[PDB]
Amino acid sequence: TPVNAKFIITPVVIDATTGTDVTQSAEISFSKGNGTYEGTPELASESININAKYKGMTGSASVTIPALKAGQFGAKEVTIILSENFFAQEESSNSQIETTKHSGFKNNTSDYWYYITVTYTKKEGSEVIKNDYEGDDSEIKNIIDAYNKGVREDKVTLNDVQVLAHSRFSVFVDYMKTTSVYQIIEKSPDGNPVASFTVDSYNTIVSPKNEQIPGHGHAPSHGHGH
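For this deposition, the record names X-ray crystallography as the technique by which the model was determined and cites 1.850 Å as its resolution.

The PDB entry lists the chain under the name Putative pore-forming toxin, from Bacteroides vulgatus ATCC 8482. Under its PDB record, the entry appears with the title "Crystal structure of Putative pore-forming toxin (YP_001301288.1) from Bacteroides vulgatus ATCC 8482 at 1.85 A resolution".

### Re helix 1 (residues 138–146)
For helix 1, the complete set of buried residues consists of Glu139, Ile140, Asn142, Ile143, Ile144 and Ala146. The elements touched by buried residues of helix 1 are strand 1 (6–15), strand 7 (73–82), strand 8 (86–102), strand 10 (114–131), strand 12 (167–186) and strand 13 (193–211).

### Topic: the side chain of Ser207
Within the secondary structure layout, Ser207 lies in strand 13. Note on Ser207: relative accessible area 4%, which makes it buried. Among the polar contacts listed, one links the side chain of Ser207 to the side chain of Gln72, at a separation of 2.7 Å. When sequence neighbours within four positions are dropped, the list of residues in contact with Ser207 reads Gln72, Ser170, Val171, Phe172 and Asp174.

### A look at the packing of aromatic side chains
Counted according to the given criterion, the structure contains four aromatic pairs. Note on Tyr147 and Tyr182: the rings are 4.6 Å apart at their centroids and 40° apart in plane angle, and the pair reads as tilted. Here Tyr182 lies in strand 12 and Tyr147 lies in the loop between helix 1 and strand 11 (150–163), a separation of 35 residues in the sequence. Looking at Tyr147, the relative accessible area reads 6%, which means it is buried. A ring pair is formed by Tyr147 and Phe197, whose centres lie 5.2 Å apart and whose planes are at 55°; its orientation type is tilted. The same class applies to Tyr147 and to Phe197, which are both buried. The ring of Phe105 is capped by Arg168, whose NZ or CZ atom sits 4.2 Å from the centre of that ring.

### A closer look at the environment of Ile144
Following the sequence through the fold, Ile144 ends up in helix 1. Residue classification places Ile144 among the buried positions, given a relative accessible area of 5%. In the structure, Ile144 is positioned 69 residues away from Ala75 in sequence and 23 Å away in space, judged by C-alpha atoms. In contact with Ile144, not counting residues within four places along its chain, are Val128, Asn131, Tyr133, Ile184 and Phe197.

### Side note on the layout of surface pockets
Of the pockets and cavities examined, the largest pocket occupies roughly 810 Å³. If you trace the largest pocket, you find 40 residues lining it, with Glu77, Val78, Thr79, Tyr147 and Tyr182 closest to the centre. Elements supplying a minimum of two residues to the lining of the largest pocket: strand 1, strand 6 (57–65), strand 7, strand 8, strand 10, strand 11, strand 12 and strand 13. Partitioned by chemical class, the residues of the lining of the largest pocket number 15 nonpolar, 18 polar and seven charged. Computed from the structure, the second largest pocket encloses a volume of approximately 600 Å³. Along the wall of the second largest pocket there are 21 residues; nearest its centre are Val3, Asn4, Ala70, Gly71 and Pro208. Across the lining of the second largest pocket, the residue classes tally to ten nonpolar, seven polar and four charged.

Reading the values: rules and limits
Residues numbered from 1 in each chain as written, not as in the entry; some residues may be left out. Heavy atoms only, no water. Residues with missing side-chain atoms left out of burial classes, pairs and counts. Buried < 20%, exposed > 50% of the residue type's maximum accessible area, 1.4 Å probe, protein only. Helix = DSSP H or I, 4+ residues; strand = E, 2+ residues; numbered from the N terminus. Contact = heavy atoms within 4.5 Å. Polar contact = N/O pair within 3.5 Å; in protein donor to acceptor, adjacent residues only side chain to side chain. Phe/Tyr/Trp six-rings, centres within 6.5 Å; stacked < 30°, edge-to-face > 60°. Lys NZ or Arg CZ within 6 Å of the ring centre and 35° of its normal. 1 Å grid on protein atoms, 1.4 Å probe; cavity = no way out; pocket = protein on both sides within 12 Å on 5 of 7 lines; lining within 4 Å. Points joined across faces, edges and corners; volume = space filled by probe spheres on them. Nonpolar A, V, L, I, M, F, W, Y, C, P; charged D, E, K, R; others polar.

See below:
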């Protein structure tokens, strides 16, 4: 039974009127699922819409879960802007691999699979790289700043990565850089775009690999068991 891919989406809700993270106080809804998405074992690329409500303000953002193969694990934060007067609309988004890291290989020539520990550095966060807004409206400024909290690094440890039997095992870590263009648009009962800004956002995908040992007489499998 293959290890399912997994992807976690973490909403962060910002009240633009004050610049405050209100995530723990806001009503939050996922269009589908509960924030944690698990393949069968593959996960299809899919768009999830996250809505939030706080003090009569509503806001929404979409996040694309990437297509993931067996064993791959990823996570991404998504910012939801709440404002009485504006909404932030993502106009375009393009993701690229910024860095690929790859361990050396552990050969498992035995007939038994087992769990290994994988400690990895999670690169995540967000920076505004372009901002065309020239005004003094603090609400607009708060919205833009919400995407400029910075890029950060954190060690994460999985103790449950599967090393198959008859397998050349290794781990990839990919740092993804996503460039997105947003407009800030007036709410109205229609609205004017009042600013445009561009964000580079970062997240990490981990990909344990169980490959053929060249010359070995078996392909990777669960063998005789654990």
